Amino acid sequence: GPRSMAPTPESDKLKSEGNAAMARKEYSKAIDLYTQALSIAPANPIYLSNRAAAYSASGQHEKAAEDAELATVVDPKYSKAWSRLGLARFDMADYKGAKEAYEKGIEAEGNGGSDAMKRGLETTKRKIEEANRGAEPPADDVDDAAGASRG
């Protein structure tokens, strides 16, 4: 018969084994274990957001972003997915997109945001303001005054 396409004790075991792999910093294994969980329950936002964390830890920001995005599409009310998406976009230097993700995460979280979301949004805004105001100070003009004018 057909699978239920929803989480099972088996998929959750795989998720837990994935979580343990993360703890050991075995990111490639975590990615594989979360993927196995997702083969049982496709597009599960918890499993997706966990695999996103593993991608991010291993420096694979585009893959992290795709997992996190899909999670936010499936469950836009799941604040953790937005936090994952924010970090992934931040790490891709997509600061506008990171700002948007953190803002939506903060709304979904329903309590002003997790510490990570609040700091994430603050840091992203500061980066955007740095760019807007100029990342480099202006230089003052060279002096055309006479050398003895300071005397």
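Every number here is computed from the coordinates shown, using simple stated rules; none is lab data. So basically every Cβ, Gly included, is an ideal-geometry build from the backbone, and we count neighbours across all protein chains shown.
When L85, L14 are arranged by Cβ crowding within 10 Å, least crowded first, meaning fewest neighbours, the order is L14, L85. Summarising the label geometry, the points placed 7 Å from Cα in the beta-carbon direction at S114 and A6 lie 2.5 nm from one another. Using a cut-off of 25 Å between Cα atoms, the listed pairs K15/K127; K29/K77; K15/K63 include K15/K127; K29/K77 as exceeding that distance.
With each label modelled as a point 7 angstrom along the Cα→C-beta vector, the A139-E107 pair spans 4.5 nm. Mean sequence separation of contacting Cα pairs (under 8 Å, at least six apart), scaled by the length of the chain, corresponds to a relative contact order of 14 percent. Positive contributions from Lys and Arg (+1) and negative ones from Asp and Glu (-1), summed over other residues with Cβ under 15 Å from the Cβ of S49, come out at +2.
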